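Asker:
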Amino acid sequence: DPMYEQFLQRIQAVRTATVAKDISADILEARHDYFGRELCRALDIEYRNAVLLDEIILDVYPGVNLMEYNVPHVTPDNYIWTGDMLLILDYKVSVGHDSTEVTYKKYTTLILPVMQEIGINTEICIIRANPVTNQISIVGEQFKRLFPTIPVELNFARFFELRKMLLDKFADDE
Ligand SMILES: [Mn+2]
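Basically the authors' numbering = 1-based index in the sequence shown + 2.
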């Protein structure tokens, strides 16, 4: 894939910490996205790369009077509308829980209040893949019920080797 080739080329070329950090960030984003794409495929849901909350409201209630509400402009990775419930979806790729809790608290306090005012039943769902062991952990009782089985086959090895190469190249930096 040119994904890896593009990244191998920037890593080979990079000479300073500050540009390497932007490469590091872009590796983790691509790792996140590859997870989200393989998830949405296995679950047959429309893959999206962030959706503005305002877009989400307007899809589930097109007669919304957007201007009459204070809608925080958060862009979660995706969403599912069941016709009766809204599930806000965030994909994580991580060995730890830290970012799952940060995002869970952020989306709970920023999304749910306006959806409660508008009258949309709403659940914050977060799906996390461990890059090392491939195991999937799910926040979202409604998400679990609607997707008890997740038929993804993942492989994060390219991403690990790119970031291992990047951080070997800058072992004695900061
Ligand atoms: Mn995410």
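Heads up, the beta-carbon is just placed ideally off N, CA and C, and yes, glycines get one too.
Is the beta carbon of residue 34 within less than 7 Å of some heavy atom of ligand 1?
Answerer: In the sequence shown, residue 34 corresponds to position 32, counting from 1. Yes - ligand 1 has a heavy atom lying nearer than 7 Å to the Cβ of residue 34.
Asker: Flag this pair as touching only if the region 34-46 and the region 79-97 have three or more C-beta atom pairs under 8 Å; answer yes or no.
Answerer: Result yes; three or more Cβ-Cβ pairs closer than 8 Å.
Asker: Could you tell me the alpha carbon to alpha carbon distance between residue 171 and residue 19, rounded to whole angstroms?
Answerer: For the purposes of this step, residue 171 is taken as the residue at position 169 of the sequence shown. For the purposes of this step, residue 19 is taken as the residue at position 17 of the sequence shown. Distance between the alpha carbons of residue 171 and residue 19 is about 10 Å.
Asker: Just to check, is the beta-carbon of residue 106 closer than 7 Å to a non-hydrogen atom of ligand 1?
Answerer: Here residue 106 refers to the residue found at position 104 of the sequence shown. False, no ligand heavy atom lies under 7 Å from that Cβ.
Asker: Specify the secondary structure class of residue 76 as computed by DSSP and reduced to three states.
Answerer: Counting from 1 along the sequence shown, the entry for residue 76 is found at position 74. It is coil, neither helix nor strand.
Asker: May I ask you to report which of helix, strand or coil DSSP gives residue 109?
Answerer: Your numbering for residue 109 matches position 107 in the sequence shown. DSSP places residue 109 in helix when its eight states are reduced to three.
Asker: I'd like to know if the region 102-117 and the region 63-70 are in contact, where contact means that at least 3 CB-CB pairs between them fall below 8 Å.
Answerer: The region 102-117 vs the region 63-70: no contact.
Asker: Spatial neighbours of residue 138 within its chain, please: CB distance less than 6 Å, with the 5 preceding and 5 following residues excluded, ordered by chain position.
Answerer: To locate residue 138, count along the sequence shown from 1; it is residue 136. Hits under 6 Å: 131, 152.
Asker: How long is the line joining the alpha carbons of residue 105 and residue 127, rounded to whole angstroms?
Answerer: Here residue 105 refers to the residue found at position 103 when the sequence shown is read from its first residue. Here residue 127 refers to the residue found at position 125 when the sequence shown is read from its first residue. Roughly 10 Å separates the two Cα atoms.
Asker: What would DSSP say about residue 173, mapped onto helix, strand or coil?
Answerer: Taking the sequence shown and counting its residues from 1, one reaches residue 173 at position 171. The answer is coil: DSSP assigns residue 173 none of H, G, I, E or B.
Asker: Measuring only the C-alpha atoms, how far is residue 162 from residue 55?
Answerer: Counting from one through the sequence shown, the residue named residue 162 turns up at place 160. Counting from one through the sequence shown, the residue named residue 55 turns up at place 53. Using only the alpha carbons, I get a separation of about 32 Å.
Asker: Assuming residue 58 is part of the alpha helix (DSSP H), what are its boundary residues?
Answerer: On the sequence shown, position 56 is the one that residue 58 refers to. Here the alpha helix (DSSP H) through residue 58 covers 55-62.
Asker: Check whether the Cβ atoms of residue 62 and residue 77 sit closer than 8 Å, and answer yes or no.
Answerer: Numbered from its first residue, the sequence shown carries residue 62 at position 60. Numbered from its first residue, the sequence shown carries residue 77 at position 75. No, the Cβ-Cβ distance between residue 62 and residue 77 is not below 8 Å.
Asker: Between the beta-carbon of residue 123 and the beta-carbon of residue 88, is there less than 8 Å?
Answerer: Position 121 of the sequence shown, counted from the first residue, corresponds to residue 123. Position 86 of the sequence shown, counted from the first residue, corresponds to residue 88. Their beta carbons are under 8 Å apart, which means residue 123 touches residue 88 by this criterion.
Asker: Inspect the beta-carbon positions of residue 129 and residue 41 and report whether they are closer than 8 Å.
Answerer: The count along the sequence shown starts at 1 and reaches residue 129 at position 127. The count along the sequence shown starts at 1 and reaches residue 41 at position 39. For residue 129 and residue 41, yes; Cβs fall inside 8 Å.
Asker: If distances are taken between C-alpha atoms only, which option among 156, 119, 142, 174 comes closest to residue 133?
Answerer: In the sequence shown, counting from the first residue as 1, residue 133 sits at position 131. Closest by alpha carbon: 156.
Asker: State the beta-bridge partners of residue 125 as determined by DSSP.
Answerer: On the sequence shown, residue 125 is found 123 positions in, with the first residue counted as 1. Answer is 89, bridged to residue 125.
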